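If you want the building blocks of each chain, they are given just below.
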Number of protein chains: 2
Amino acid sequence: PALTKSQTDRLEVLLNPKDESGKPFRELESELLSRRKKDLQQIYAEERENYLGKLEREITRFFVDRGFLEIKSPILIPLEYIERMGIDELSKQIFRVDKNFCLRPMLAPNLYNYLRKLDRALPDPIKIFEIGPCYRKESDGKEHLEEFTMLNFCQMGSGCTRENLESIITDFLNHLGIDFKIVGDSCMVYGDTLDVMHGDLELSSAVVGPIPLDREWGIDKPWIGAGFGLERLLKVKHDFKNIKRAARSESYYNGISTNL
Amino acid sequence: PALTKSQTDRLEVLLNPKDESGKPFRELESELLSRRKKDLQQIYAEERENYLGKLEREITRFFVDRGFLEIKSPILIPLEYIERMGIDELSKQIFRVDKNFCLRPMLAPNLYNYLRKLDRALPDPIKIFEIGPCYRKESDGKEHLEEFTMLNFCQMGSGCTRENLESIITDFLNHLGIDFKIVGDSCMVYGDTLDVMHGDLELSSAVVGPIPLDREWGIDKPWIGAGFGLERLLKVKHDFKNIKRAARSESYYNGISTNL
Ligand SMILES: C[C@@H]1CCN[C@@H]1C(=O)NCCCC[C@H](N)C(=O)OP(=O)(O)OC[C@H]1O[C@@H](n2cnc3c(N)ncnc32)[C@H](O)[C@@H]1O
Ligand SMILES: C[C@@H]1CCN[C@@H]1C(=O)NCCCC[C@H](N)C(=O)OP(=O)(O)OC[C@H]1O[C@@H](n2cnc3c(N)ncnc32)[C@H](O)[C@@H]1O
């Protein structure tokens, strides 16, 4: 008669946010299976784009159009970058590779290096961004992924104000159609941050520099910047209950169960 | 009087393929520094796109337009996938992470899984592709990167012929403006391959299935497929002498030295 907790977990795997007893499990499951197959058939017939890849392209266009240079830097980075980031906590979260390398947990160290290098070539202000994989060993699963995709944009030189930072953040999220509020906060690496929140979900940490860490990276100018999780953004935008629906995954494609 | 080998290495870092004694080092270096700064100033003023990101978007459009579903699957994969790929050589090249995981050296295992899963939902033939980071510990540096980007497209069910495989390969490279020849070859994992060559550079390995490995992955249909290195393609297309100019890098941006 009543659904078991296991049967309910199974149907919840198959349930999309848009979907609207005493029908048996097998018929509810069969109905959901049929709707999800059709969802995939529709993607496949019409658009064929992955949400994560698509979101990356749309964000890329946004920042290129606003004068930010698109970076593609290494994902596998020297372990020394972590120490030079002032990380020794987040330190338990580092995936190490070989004796000397690790999977980057953030984009900041490589973007510090690009900021310094490009200051020799490019006019003030220097505007750059990267979108790409980042990795953190994580105990949670509801808002945390071990493998995720971060956007980090930043500017250095003139115009590096808190007002300009907030304005970019605001134009960005309004462009994406994502509701937010900007709250003051802090963390170990940076300060002193602004946190961009969706209800109780952190979409972004943002910082108005300078900060004392800059000197370690050969940086001696004002800067502003923010990092956003693309899977968090997708999660809010598609109203996914679990962030795993927005991840690189063999179990979900565009938030649709692939176990059909 | 004559340039030292070190000075010549330095100028070669600064030399682009398009650039056309007895001028001293310092003046040749100063001239090249000036041209490279201007190259970066021009990217930054006009397009602002990274070559690797841009090539990915263009390839994505190509395959989406031809009816292939865009996949984004994990980069960090179970070590068991390597063994189930029949790899135990390429095995010394695997970057391991934790006891149970590794950085994927190829896209094939996750695409095998997607082929099987999607066969329950999608009409025949099933056409899919992924573009993304792959990792192999490598002794060479001239045509090999430890961190690279592979494209793998594939089809399963009807139309999985050698002729159709070659036609897609041909339309693809002609679209990209890349000269090639298709040669028969073989490797340990697959067969029996077709190798897509640019002079002596391998652009792609391609396979007409079925093969006995399929059964390990729950696959019992004809398939065709190919994997291309995006950095190899960029290398040919931009006439870069070294493939490091085409990599995710803090030393090169669009093949331009960032050490200016
Ligand atoms: C780049 C310049 C030069 C130096 N630094 C500058 C800069 O711009 N700094 C300003 C702040 C940038 C971001 C900072 N480095 C950072 O890593 O912030 P976090 O808050 O730790 O990560 C940013 C976002 O990534 C997402 N994220 C985090 N961990 C996860 C997870 N495990 N699963 C899924 N999503 C997650 C989440 O949305 C989070 O708000
Ligand atoms: C996906 C379906 C389901 C199962 N398999 C199917 C399939 O489509 N198989 C057909 C063949 C696909 C490719 C095969 N798995 C593979 O890994 O081929 P490789 O030749 O080892 O790699 C393909 C290309 O990646 C590039 N590449 C390689 N190593 C490097 C390097 N270290 N640095 C830079 N570039 C490199 C290089 O261009 C090479 O030609």
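Scoring rules and cut-offs
Residues numbered from 1 in each chain as written, not as in the entry; some residues may be left out. Chains lettered and ligands numbered in written order. Heavy atoms only, no water. Near = heavy atom within 4 Å. Polar contact = N/O pair within 3.5 Å; in protein donor to acceptor, adjacent residues only side chain to side chain. Areas by Shrake-Rupley, 256 points an atom, 1.4 Å probe, with all protein chains shown as cover. Nonpolar A, V, L, I, M, F, W, Y, C, P; charged D, E, K, R; others polar. Domains from an automatic or database assignment. Contact = heavy atoms within 4.5 Å. Buried area = accessible area lost by both parts, 1.4 Å probe. Salt bridge = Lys/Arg side-chain N within 4 Å of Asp/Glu carboxyl O. Buried < 20%, exposed > 50% of the residue type's maximum accessible area, 1.4 Å probe, protein only. Helix = DSSP H or I, 4+ residues; strand = E, 2+ residues; numbered from the N terminus. Pairing = 2+ DSSP bridges. Core = buried A, V, L, I, M, F, W, Y, C linked by side-chain atoms within 4.5 Å. Axes fitted to C-alpha atoms, helices over the stretch in contact; angles between N-to-C directions. Parallel < 35°, antiparallel > 145°, perpendicular 65-115°, else oblique. Left-handed = near helix turned anticlockwise from the far one by under 90°. 1 Å grid on protein atoms, 1.4 Å probe; cavity = no way out; pocket = protein on both sides within 12 Å on 5 of 7 lines; lining within 4 Å. Points joined across faces, edges and corners; volume = space filled by probe spheres on them. Least-squares fit on C-alpha atoms.

For this entry, the PDB record names X-ray crystallography as the structure determination method and reports a resolution of 2.10 Å.

### With respect to the site of ligand 2
All names here are of chain B. Taken together, 26 residues are adjacent to ligand 2, and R136, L145, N152, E202 and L203 come closest. For ligand 2, a nitrogen atom lies 2.8 Å from a polar atom in the backbone of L145. Between ligand 2 and the protein, one listed contact pairs an oxygen atom with a side-chain N or O atom of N152 at 2.7 Å. Taken by itself ligand 2 offers 800 Å² of open surface, and the protein chains cover 95% of this. Here the residues of the shell around ligand 2 sort into 14 nonpolar, 7 polar and 5 charged.

### Digging into the domain arrangement of chain A
Residue and element names in this part refer to chain A. If you check the domain split of chain A, you get domain 1 (1-48) and domain 2 (49-260). The straight-line distance from the C-alpha centre of domain 1 to that of domain 2 is 34 Å. Contact residues are listed per partner, giving 15 residues for domain 1 and 16 residues for domain 2. Taking both partners together, domain 1 and domain 2 bury about 1,300 Å²; carbon and sulfur atoms supply 55% of that area. Area buried by domain 1 at its contact with domain 2 is led by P17, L40 and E47, which between them contribute 36% of it. One can count 1 salt bridge joining domain 1 with domain 2. Two residues, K54 and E47, come together in a salt bridge whose shortest N-O distance is 2.9 Å.

### Quick look at the site of ligand 1
Residues and elements named next belong to chain A. Near ligand 1 you find 26 residues, and of these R136, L145, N152, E202 and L203 are the closest. With respect to ligand 1, the side chain of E138 contributes an N or O atom lying 3.1 Å from a nitrogen atom. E202 places a polar side-chain atom, nitrogen or oxygen, 2.5 Å from an oxygen atom of ligand 1. Within the complex, 96% of the 810 Å² of free accessible area of ligand 1 lies under protein.

### Things to note about the pairing of strand β6 (residues 147-156) of chain A
Residues and elements named next belong to chain A. β6 sits mainly inside the fold: 10 of its 10 residues count as buried. Burial of β6 is two-sided: the residues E147, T149, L151, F153 and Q155 facing one way and the residues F148, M150, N152, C154 and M156 facing the other way are all buried. Of the pairings in the sheet, the one linking strand β5 (residues 126-135) to β6 comprises 10 bridges and is antiparallel in character. Bridge assignment links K127 to a residue of β6, and that residue is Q155. Alignment of β6 against strand β10 (residues 223-229), held across 7 bridges, turns out to be antiparallel.

### What about the nonpolar core?
Residues A:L69, A:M85, A:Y112, A:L118, A:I128 and B:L40 are the most contacted members of the largest nonpolar core, which totals 49 residues. Of all elements in the fold, only β1 (69-71), α4 (80-84), α5 (108-118), β5 and β6 of chain A together with α1 (5-14) and α2 (25-45) of chain B reach the threshold of two or more residues within this core. Look past the residues within four positions of A:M85 in its chain and what remains in contact with it is A:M106, A:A108, A:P109, A:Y112, A:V189, A:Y190, A:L213 and A:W217. Ranked by size, the runner-up nonpolar core spans 48 residues in total, among them A:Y253, A:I256, B:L69 and B:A121.

### Things to note about the interface of chain B and chain A
With 57 residues of chain B at the interface, the matching set in chain A holds 57 residues. Broken down residue by residue, the surface that chain B buries against chain A is led by B:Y44, B:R248 and B:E250, which jointly contribute 16%. Connecting chain B to chain A are 6 salt bridges. The closest approach of N and O atoms between B:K137 and A:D98, which form a salt bridge, is 3.6 Å. At the junction of chain B and chain A, the tally comes to 28 residue pairs in polar contact. Counting only elements with at least two residues in the side of chain B that touches chain A, the list comes to α2, α3 (51-65), β1 (69-71), α5 (108-118), β5 (126-135) and β11 (252-253) of chain B. For the side of chain B that touches chain A, a count of residues per class yields 27 nonpolar, 11 polar and 19 charged.

### A closer look at the packing of helix α3 (residues 51-65) of chain A against helix α6 (residues 162-176) of chain A
Residue and element names in this part refer to chain A. Two elements in contact, α3 and α6, have axes whose closest approach is 11 Å; the angle formed by their N-to-C orientations is 140 degrees. Our classification of the angle between α3 and α6 gives oblique. Of the two elements, α3 crosses α6, and the hand of that crossing is right-handed. Here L55, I59, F62 and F63 of α3 come into contact with α6, specifically with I168, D171, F172, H175 and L176.

### Some thoughts on unusual backbone geometry
Geometrically, the link from B:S21 to B:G22 is a cis peptide bond, its omega value of -10 degrees lying close to zero. By the secondary structure assignment, B:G22 is in the loop between α1 and α2. Between B:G209 and the following residue, B:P210, the backbone shows a cis peptide bond with an omega angle of 5 degrees. Within the secondary structure, B:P210 sits in the loop between β9 (201-208) and β10 (223-229). Despite not being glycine, A:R48 shows a phi value in the positive range, around 70 degrees. For A:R48, the position within the fold is in the loop between α2 (25-45) and α3.

### Focus: empty space enclosed by the protein
When its volume is computed, the largest cavity comes out at roughly 170 Å³. Lining the largest cavity are 17 residues, with A:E56, A:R248, B:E56, B:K72 and B:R248 positioned closest to its centre. When residues of the lining of the largest cavity are traced back to their parent elements, those giving at least two are α3 and β5 of chain A together with α3 and β5 of chain B. Among the residues making up the lining of the largest cavity, the classes are represented as 6 nonpolar, 5 polar and 6 charged.

### Digging into the relation of the copies chain B and chain A
For these two chains of identical sequence, chain B goes onto chain A by a turn of 180 degrees and a shift of 0.0 Å along the axis, with RMSD 0.0 Å. In symmetry terms, the pair is related by a two-fold rotation axis. Considering only C-alpha atoms, the residue of chain B closest to the rotation axis is B:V97, which sits at 3.0 Å. Interface residue correspondence from chain B to chain A reaches 100%, placing this contact among same-surface, isologous pairings.

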